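Residue numbers (the deposited numbering), protein chains in the order written: chain L, 1 to 29, 36 to 57, 65 to 72, 74 to 80, 83 to 109, 113 to 234; chain H, 1 to 9, 11 to 30, 35 to 59, 62 to 72, 74 to 111, 111A, 112B, 112A, 112 to 142, 149 to 229.
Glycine is no exception: its CB is placed at the ideal position from the N, C-alpha and C atoms.
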Amino acid sequence: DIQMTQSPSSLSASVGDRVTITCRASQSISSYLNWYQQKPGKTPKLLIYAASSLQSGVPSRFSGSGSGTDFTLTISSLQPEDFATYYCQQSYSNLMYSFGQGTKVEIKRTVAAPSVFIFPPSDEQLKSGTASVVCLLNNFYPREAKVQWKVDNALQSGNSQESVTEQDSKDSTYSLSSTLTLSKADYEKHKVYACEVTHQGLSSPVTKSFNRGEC
Amino acid sequence: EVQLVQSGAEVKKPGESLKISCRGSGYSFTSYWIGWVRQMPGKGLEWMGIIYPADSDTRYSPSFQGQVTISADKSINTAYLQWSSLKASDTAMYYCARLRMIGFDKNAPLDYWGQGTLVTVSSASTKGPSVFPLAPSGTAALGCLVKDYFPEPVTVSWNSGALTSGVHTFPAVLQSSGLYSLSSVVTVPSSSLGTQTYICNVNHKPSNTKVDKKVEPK
């Protein structure tokens, strides 16, 4: 009966920056709003309760303000340990507590173009009737990137899946792996397999390709 | 100080029942409400319900009423969350958490959290991975494709742990077949390809699978 809307889905900032995250309620919740921090795979951690009260042991660079429907969480000077996802949560409802959908705070660094590598399917995999073609985008920033598979210059769609690493704790980059999956029969019907990569660090897209059967 | 510790990862089939647990210590277990929270893959937090362990007074979120049962055994400081008939859509991480509330409201944040229980619900069955090479060809890249396994997790190392710099082991993807697949890559000096051996070590405990795969230029 009370919907929470968190405003920036994602925030890019550097160590030392001031960060403000916003949380709006569809109904008045007085000051009954709490903030939690969660890192990937880890358990959530209480930071602020009752809109502005700092949980014991939380550093004083965290603060919160607001009453009614509009609330903010502020980090006055980001530290490396502060990059995480943040959730607000209203405790005013007597029907259901609810959470905002989260704001990810990630590390802003200089733009870095990906290094691109393409891998043909192995002979061993082909023997079993399927071909997996893999394209690697290594150590780039920011995380937004586009992979376009082409098979004899036909754009492929719906037959690939991709995965992205969490931001690297040392150089703050991301890496991405994309797999194109074809039947052996389809794979042996075509010649040129291409991975075309678009990223804001590249003035124009980079394509890595191979010809089936060529060393 | 205060601690909530939850039971381990679960892998089930649709239609099966399941009960997971949350053990409290370091405080009066019957003096605080315990809440349960759901986090499906890649999504945020949802509140499911609460129980007061002294008398097993419960409140459920409307979305979860009649879909789960929350209970407690106060004699062993443990709360439980149960399904009678699981669905694949119940696949999620489940947290228990202590409500720091005296009386009714006055505040009520969740101040201590369990470490979470992973629940996987799928019609898929246990299967070990096939490991295929990502053969190389300044800086070259190589790796291993760990394909068609169930359930999570798989662990990958390189040269038995001696090679760590430049390794990226990617999150697995769930294929439409119901089986997982992941890749693990490493970048190395092009000069090393002729002389340095590169072997990925893949372990999948649910299937009792151990694989060592040497990867080299073709």
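Beta-carbon proximity list for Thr99 of chain H, same chain, < 8 Å, skipping 5 on both sides: Excluding its 5 nearest sequence neighbours in each direction, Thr99 of chain H has C-beta neighbours in its own chain below 8 Å: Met45, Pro46, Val124, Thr125, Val126, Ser127, listed in chain order.
query: Got a sec? Which residues, its chain only, sit under 7 Å from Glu1 of chain H by beta carbon, not counting five neighbours each side?
result: Here the set comprises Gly27.
Backbone CA spacing between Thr184 of chain L and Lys146 of chain L [nearest angstrom]: Looking at the two C-alpha atoms, the distance is approximately 31 Å.
- prompt: Looking at chain L, which residues of the region 190-217 of chain H have a Cβ within less than 8 Å of any of its Cβ atoms?
  reply: The region 190-217 of chain H vs chain L, Cβ under 8 Å: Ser192, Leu193, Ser194, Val196, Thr198.
field: Buried versus exposed, by CB contacts within 10 Å (16 or more), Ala164 of chain L
entry: Counting the other Cβ atoms within 10 Å of the Cβ of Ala164 of chain L gives 16 or more, which makes it buried.
query: So with Cβ pairs under 7 Å, would you call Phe137 of chain H a contact of chain L?
result: Taking Cβ atoms only, chain L reaches closer than 7 Å to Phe137 of chain H, which makes this a yes.
- prompt: Short check: CB of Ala13 of chain L to CB of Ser37 of chain L, under 7 Å?
  reply: Contact flag unset, no.
field: Beta-carbon gap between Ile84 of chain H and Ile56 of chain H smaller than 7 Å
entry: No; because the gap between Cβ atoms is not below 7 Å, this pair is not in contact.
query: If you drop the 5 nearest sequence neighbours on each side, which residues of the same chain put their C-beta closer than 6 Å to that of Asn40 of chain L?
result: Correct list, in chain order: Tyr55, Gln105.
- prompt: According to DSSP, is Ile21 of chain L helix, strand or coil?
  reply: DSSP places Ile21 of chain L within a strand segment (E or B) once states are collapsed to three.
message: Classify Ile2 of chain L: buried if its beta carbon has 16 or more other beta carbons within 10 angstroms, exposed otherwise.
response: Residue environment analysis places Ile2 of chain L among the buried positions, since at least 16 neighbouring C-beta atoms fall within 10 angstroms of its C-beta.
- prompt: Are the region 129-143 of chain L and the region 163-177 of chain H touching, with three or more C-beta to C-beta distances below 8 Å?
  reply: With the cut-off at 8 Å, the region 129-143 of chain L and the region 163-177 of chain H do not touch.
field: Proximity to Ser26 of chain L [Cα-Cα], best of L:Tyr103, L:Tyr108, L:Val166
entry: Considering only alpha carbons, the answer is L:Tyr108.
- prompt: How is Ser202 of chain H classed by DSSP in three states: helix, strand or coil?
  reply: Of the three classes helix, strand and coil, the one that applies to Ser202 of chain H here is helix, per DSSP.
message: Counting only C-beta atoms, is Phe181 of chain H closer than 7 Å to chain L at any point?
response: Yes, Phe181 of chain H lies at the interface with chain L (some Cβ there is under 7 Å from its Cβ).
message: So if DSSP puts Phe118 of chain L in a beta bridge, which residue, or which two residues, is it bridged to?
response: According to DSSP, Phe118 of chain L bridges with L:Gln105.
message: If you reduce the DSSP assignment to three classes, tell me which class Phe30 of chain H lands in.
response: Assigned with DSSP and collapsed to three states, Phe30 of chain H falls in helix.
message: Please list the terminal residues of the continuous alpha helix (DSSP H) segment that includes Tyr206 of chain L.
response: For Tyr206 of chain L, the enclosing alpha helix (DSSP H) starts and ends at 203-208.
field: Beta-carbon gap between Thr198 of chain H and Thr150 of chain H smaller than 7 Å
entry: The answer is yes: Cβ separation under 7 Å.
message: My parser needs the alpha helix (DSSP H) runs of 4 or more residues fully inside the region 140-213 of chain L; what are they?
response: The DSSP assignment places complete alpha helix (DSSP H) segments of no fewer than 4 residues inside the region 140-213 of chain L at 142-146, 203-208, in order along the chain.
- prompt: Opposite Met4 of chain L in the DSSP bridges: which residues?
  reply: DSSP lists L:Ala25 as partners of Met4 of chain L.
query: Between the region 139-154 of chain L and the region 116-124 of chain L, do at least 3 Cβ pairs fall closer than 8 Å?
result: Touching, no.
- prompt: Terminal residues of the continuous beta strand (DSSP E) containing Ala96 of chain H?
  reply: Counting along the chain, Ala96 of chain H falls outside any beta strand (DSSP E), and DSSP gives it neither H nor E.
query: Where DSSP assigns a beta bridge to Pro182 of chain H, which residues make up the other side?
result: When beta bridges are read from the DSSP output, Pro182 of chain H appears opposite no residue.
- prompt: Who are the Cβ neighbours of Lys82 of chain H in its own chain at under 7 Å, not counting the five residues just before and after it?
  reply: Within the same chain, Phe30, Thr35, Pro58, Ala59 come within 7 Å of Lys82 of chain H by CB-CB distance, once the 5 residues on both sides are set aside.
- request: Compare the Cα-Cα distances from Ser197 of chain L to each of L:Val152, L:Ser74, L:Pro50 and report the closest residue.
  value: Looking at the Cα atoms, L:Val152 is the closest of the given residues.
message: If you reduce the DSSP assignment to three classes, tell me which class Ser9 of chain L lands in.
response: Three-state result, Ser9 of chain L: coil.
message: Strictly under 7 Å for the Cβ-Cβ distance: is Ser182 of chain L near chain H by that measure?
response: Output row for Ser182 of chain L: interface = yes.
query: How about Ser196 of chain L: is its C-beta nearer than 7 Å to some C-beta of chain H?
result: Taking Cβ atoms only, chain H reaches closer than 7 Å to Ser196 of chain L, which makes this a yes.
For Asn219 of chain H, the three-state DSSP class (helix, strand or coil): Taken through DSSP and simplified to helix, strand or coil, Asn219 of chain H comes out as coil.
query: Can you tell me whether DSSP reads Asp86 of chain L as helix, strand or coil?
result: DSSP places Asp86 of chain L in strand when its eight states are reduced to three.
- request: Starting from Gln120 of chain H, find everything on chain L with Cβ-Cβ shorter than 9 Å and list it in chain order.
  value: In chain order: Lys48, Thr49.
query: Candidates L:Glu181, L:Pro50, L:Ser191, L:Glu97: which alpha carbon is nearest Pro72 of chain L's?
result: The residue with the shortest Cα to Cα distance from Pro72 of chain L is L:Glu97.
- request: Report all residues from its chain with a CB closer than 6 Å to the CB of residue 144 of chain H; omit the five preceding and five following residues, and keep chain order.
  value: This model leaves out residue 144 of chain H; its place in chain H lies between 142 and 149, and no residues are given there.
task: Locate the beta strand (DSSP E) running through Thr226 of chain L, then write down its first and last residues.
output: That run of the beta strand (DSSP E) goes 225-230.
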